[PDB]
Amino acid sequence: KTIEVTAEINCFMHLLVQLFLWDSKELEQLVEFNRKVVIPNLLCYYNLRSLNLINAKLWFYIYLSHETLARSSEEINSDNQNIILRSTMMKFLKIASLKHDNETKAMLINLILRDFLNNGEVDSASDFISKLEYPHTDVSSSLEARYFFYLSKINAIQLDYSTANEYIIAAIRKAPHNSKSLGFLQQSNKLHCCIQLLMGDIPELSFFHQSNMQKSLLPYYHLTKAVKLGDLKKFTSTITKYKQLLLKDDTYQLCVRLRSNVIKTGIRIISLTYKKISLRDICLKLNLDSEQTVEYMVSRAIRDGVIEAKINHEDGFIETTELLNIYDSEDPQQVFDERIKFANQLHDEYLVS
Amino acid sequence: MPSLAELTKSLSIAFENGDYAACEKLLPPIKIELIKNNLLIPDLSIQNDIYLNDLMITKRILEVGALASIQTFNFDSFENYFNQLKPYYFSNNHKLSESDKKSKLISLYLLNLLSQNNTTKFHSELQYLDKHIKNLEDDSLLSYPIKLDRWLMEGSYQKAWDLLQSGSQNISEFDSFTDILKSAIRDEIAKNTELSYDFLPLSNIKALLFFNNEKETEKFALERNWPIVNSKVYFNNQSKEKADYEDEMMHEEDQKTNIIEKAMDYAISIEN
Amino acid sequence: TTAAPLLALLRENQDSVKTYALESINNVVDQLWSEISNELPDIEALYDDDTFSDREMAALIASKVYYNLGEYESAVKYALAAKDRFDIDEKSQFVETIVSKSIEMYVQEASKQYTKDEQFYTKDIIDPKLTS
């Protein structure tokens, strides 16, 4: 009897993998059967061990085709299907343990998080961020990369550039397993490219030449040049032409958020310099940016932290310091504190292995 | 519109004829009569908005309530009605919930997110629809908040003042939001004013701030901390008076010391 | 989805709205708990109030909300307080875990209370709700 029930579970999983695009004809036609195998608490019935013979990536592929208004084809307009599925995945989390069975745990949080990013809010996001954090030694290389991929997207919205920058770099490391030389790598790459531009600029595409198609590469070159020259007119046009890409990613907001960095970058390029600075020379520079708002833009610059300078408008001359000299600003101290963390944290994990 | 002998129809007609004060009193007893029954929601049984006890009753009451809430000047009440209505349209239900009233309601929602002082929330709402770019350009009403946000993004104190004043809706019910918005801006410029100062004329500060009274400006110059002689504002330099400062709370060297000292004790514990 | 519709009505501030929002709230608390958390102050306030009519249902919701955060003892206080709408001859995975936590809590008070007097047990002198 026992052996036969485990076998029964292997056969349903197996069937469910087969009836997809992977190993069978077209995923959408097949979706209804794929859904029948999930649904009437046979997924439940699987609890002999944890979900790690079926994976979040798979549950993602069936559910997206069911429902997204572009593959469903506005089949229905309700997220009735996802609400039951999200609840059921939520119901799994409670009985899931974190200490030694977090194979099922991370995967379920991945599926739930994903749905918020697809359609939801950035408000409720905070709780899901905190819940997620669980060992990264339990999940596959493929699964780790996807976990980082989604986390990184979420962190970008909050404007935590730095955190996402680390997770993304770790995400795409090596390739002992697929979806880090495929289509998944290209999706990661686009999101990484965006995060570096957000920080300031990306000025290397060496890696990207070989791991992305030509169609991607052209828009990457156009963006980096616009931002480096500082020229707003080229940048705007780059968004205009590669409108189809920005829509595709489902994140037209990036365009709105980055554009502000470009005008900030332009004001920076020519630094603070001499002890008094002529209005005319600066006016010329600000004219490029916006030419009927010379005084307002320069005022905005100072408050913002683009520049720091001191102004008279009863003389109309700009006074500055020019600092290129880096005395201590807690800078050794900072190094030491960081190192004690770096050595201990690294040290313990390496020691367990 | 006009009564057929039912609560929604009486509310629609009452709104039309003014009587915004009457509508606020009435809205509570109408909500209560519904509240007891299986309503307040498009339901989980919906397949069409054609038949009753679904979306249509709930939407007509919501559209009228939001519009009423602005007239009456209840931002809070407004947040509740917005909170239902934005999900009706598209977030789990349909693709429509909203008619020709749509443009006005959405133009008010874009301004409400802007007015709470979040560019990020303004952007979040647009992404959620995935209908962003077409709606924002096509409707005239929508196009004033997007202009506003853009002008926020870029900088342009002067551009921002201009958009707000020159528009049609500012006269209408953007009016409500004007004071919140103005407050956001007036704090940004004051903090800029002390730090990039050193001297400035009274006439200059007036003009920047776009003040309509000479006397208001003088009240405001004193309020920030800036002491004044006539036709001039003077500052206590570059660290004061309505930055953070003129309110004395900061400046130290004991927190760093502590962290340094803890790091030693933690380092010691590992080595041995 | 969103619980923002349901919560909008809670803020209207009458008896009917409290009861409808409660009976809606019970069903999908667990998935949408995030949004509901911010209104957890209203729920606790309704708790030891009765200007409305929803008290034992309010305690019930609060338990469910607390649960999803990871504050088990906090949820346990309110699960008890839900009283007549909370029953231990009815089990879900949710029910199993807070009964478990309610025993732990009871264990803790009992260790301390035995050391203190060794006929603590001959009367109730500990929390009635737990004892029940």
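Where a number appears in this text, it was derived from the coordinates with a stated rule and is not lab data. Neighbour counts are summed over all protein chains in view; Cβ atoms, including those assigned to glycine, are modelled from backbone coordinates with ideal geometry.
When A:349, A:330, A:314 are checked against the criterion of being without any contact (Cβ under 8 Å) to a residue 40 or more places away in the chain, in contact with a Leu (Cβ under 8 Å, 6 or more places away or on another chain) and charged (D, E, K, R), a single residue qualifies: A:314. Checked against the criterion of being surrounded by 12 or more Cβ atoms within 10 Å (Cβ to Cβ), hydrophobic (A, V, I, L, M, F, W, C), more than 22 Å from residue B:88 (Cβ to Cβ) and in contact (Cβ under 8 Å) with a residue 12 or more places away in the chain, region B:7-29 contains one or more residues that satisfy it.
Considering region A:109-151, and only residues there that are farther than 14 Å from residue A:184 by Cβ and aromatic (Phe, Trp, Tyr), the residue that is nearest to the other protein chains (Cβ to nearest Cβ) turns out to be A:128. The residue pairs whose first member lies in region C:33-46 and is touching a residue at least 24 places away in the same chain (Cβ under 8 Å), whose second member is aromatic (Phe, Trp, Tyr), and whose beta carbons are closer than 6 Å, counting only pairs six or more residues apart or on different chains, are C:46/C:52.
Of everything in region B:203-222, what is over 18 Å from residue B:240 (Cα atoms) and of a type in the set (A, V, I, L, M)? Give them in sequence order. Result: B:207, B:208, B:209.
As a summary of the residue check, residue A:87 satisfies the conditions (1) exposed (fewer than 15 other Cβ atoms within 10 Å of the Cβ); (2) part of a helix (DSSP H, G or I); (3) of a type in the set (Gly, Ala, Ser) except for the one numbered (1). Only helices (runs of 4 or more DSSP H) whose full extent lies in region A:1-69 are considered here, and the ones with at least 3 residues that are among the charged types (D, E, K, R) are A:27-38. Scoring residue A:305 on the criteria (1) within 30 Å of residue B:197 (Cα to Cα); (2) at the interface with chain B (Cβ under 10 Å from one of its Cβ atoms); (3) among the small types (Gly, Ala, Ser) leaves a single failure, condition (2).
Test residue A:49 against the criterion of being at the interface with another protein chain (Cβ under 9 Å from one of its Cβ atoms), touching an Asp or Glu at 6+ places or on another chain (Cβ under 9 Å) and closer than 25 Å to residue A:37 by Cβ, and give yes or no. Here the answer is no, as residue A:49 does not meet what is asked. Among the helices (runs of 4 or more DSSP H) confined to region A:196-299, the ones with at least 1 residues that are within 14 Å of chain B (Cβ to nearest Cβ) are located at A:232-241, A:243-249, A:253-268, A:279-289. Please go through (1) at negative phi; (2) in contact with a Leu (Cβ under 7 Å, 6 or more places away or on another chain) for residue B:231 and return the number of the only condition it doesn't satisfy. The number of the failed condition is (1). Can you find a residue in region C:36-47 that is surrounded by fewer than 21 Cβ atoms within 10 Å (Cβ to Cβ), of a type in the set (A, V, I, L, M) and at negative phi? Checking region C:36-47: at least one residue is surrounded by fewer than 21 Cβ atoms within 10 Å (Cβ to Cβ), of a type in the set (A, V, I, L, M) and at negative phi.
Among the residues of region B:68-94, those identified as away from chain C (no Cβ under 11 Å) and either free of Cβ contacts under 8 Å to residues at least 60 places away in the same chain or in contact with a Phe, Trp or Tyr (Cβ under 7 Å, 6 or more places away or on another chain) (or both) are B:68, B:69, B:70, B:71, B:72, B:74, B:89, B:90, B:94. For region B:30-59, the tally of residues that are within 9 Å of chain C (Cβ to nearest Cβ) and part of a helix (DSSP H, G or I) stands at 5. Working only within region B:205-225, note down all residues that are crowded, with 16+ Cβ neighbours inside 10 Å and out of contact with any helix residue (DSSP H, G or I) (no Cβ under 7 Å at 6 or more places or on another chain). Listed by number, the residues that qualify are B:218, B:220, B:225. Among the numbered criteria (1) in contact with a strand residue (DSSP E or B) (Cβ under 7 Å, 6 or more places away or on another chain); (2) of a type outside the set (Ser, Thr, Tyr); (3) without any contact (Cβ under 8 Å) to a residue 40 or more places away in the chain, which single criterion is violated by residue A:276? Against the list (1) in contact with a strand residue (DSSP E or B) (Cβ under 7 Å, 6 or more places away or on another chain); (2) of a type outside the set (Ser, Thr, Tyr); (3) without any contact (Cβ under 8 Å) to a residue 40 or more places away in the chain, residue A:276 comes up short only on (3). Once region A:54-74 is narrowed to residues that are surrounded by 15 or more Cβ atoms within 10 Å (Cβ to Cβ) and aliphatic (A, V, I, L, M), the residue that is nearest to residue A:109 (Cα to Cα) is A:56.
Among the conditions (1) farther than 16 Å from residue C:66 by Cα; (2) within 13 Å of the chain's Cα centre (by Cα), the only one that residue C:106 does not satisfy is (2).
What are the residues in region C:11-26 that are outside any loop (DSSP other than H, G, I, E, B), more than 9 Å from chain B (Cβ to nearest Cβ) and either of a type outside the set (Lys, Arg) or within 14 Å of residue B:83 (Cα to Cα) (or both), if any? Residues satisfying the conditions are C:22, C:23, C:25.
Restricting region B:155-188 to residues that are of a type in the set (S, T, N, Q) and not in a helix (DSSP H, G or I), which is farthest from residue B:143 (Cα to Cα)? Here the residue is B:156. Only one of the numbered conditions (1) of a type outside the set (D, E, K, R); (2) within 14 Å of chain A (Cβ to nearest Cβ); (3) within 24 Å of the chain's Cα centre (by Cα) is not met by residue B:165, and that is (2).
Of all residues in region B:228-272, those satisfying the criterion of being surrounded by 10 or more Cβ atoms within 10 Å (Cβ to Cβ), assigned to a strand (DSSP E or B) and within 14 Å of chain A (Cβ to nearest Cβ) are B:232, B:233, B:243.
Across region B:131-158, the number of residues qualifying as within 8 Å of another protein chain (Cβ to nearest Cβ), of a type in the set (A, V, I, L, M) and within 17 Å of residue B:103 (Cα to Cα) comes to 1. Candidates in region A:14-33 are the residues that are surrounded by fewer than 16 Cβ atoms within 10 Å (Cβ to Cβ) and not charged (D, E, K, R); of these, the one that is farthest from residue A:51 (Cα to Cα) is A:29.
Checking each residue in region B:40-80 for being hydroxyl-bearing (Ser, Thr, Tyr) and more than 18 Å from residue B:16 (Cβ to Cβ) picks out B:45, B:51, B:58, B:77.
Of all the residues in region B:1-33, those that are under 16 Å from residue C:11 (Cα atoms) and not basic (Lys, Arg) number 6. Note on region B:98-130: among residues that are within 11 Å of chain A (Cβ to nearest Cβ) and part of a loop (DSSP other than H, G, I, E, B), the one that is surrounded by the most Cβ atoms within 10 Å (Cβ to Cβ) is B:130. Of all residues in region A:97-126, those satisfying the criterion of being of a type in the set (A, V, I, L, M, F, W, C) and part of a loop (DSSP other than H, G, I, E, B) are A:98, A:122. With respect to the conditions (1) surrounded by fewer than 16 Cβ atoms within 10 Å (Cβ to Cβ); (2) of a type in the set (D, E, K, R); (3) touching a residue at least 12 places away in the same chain (Cβ under 8 Å), residue C:50 falls short on a single one, namely (3).
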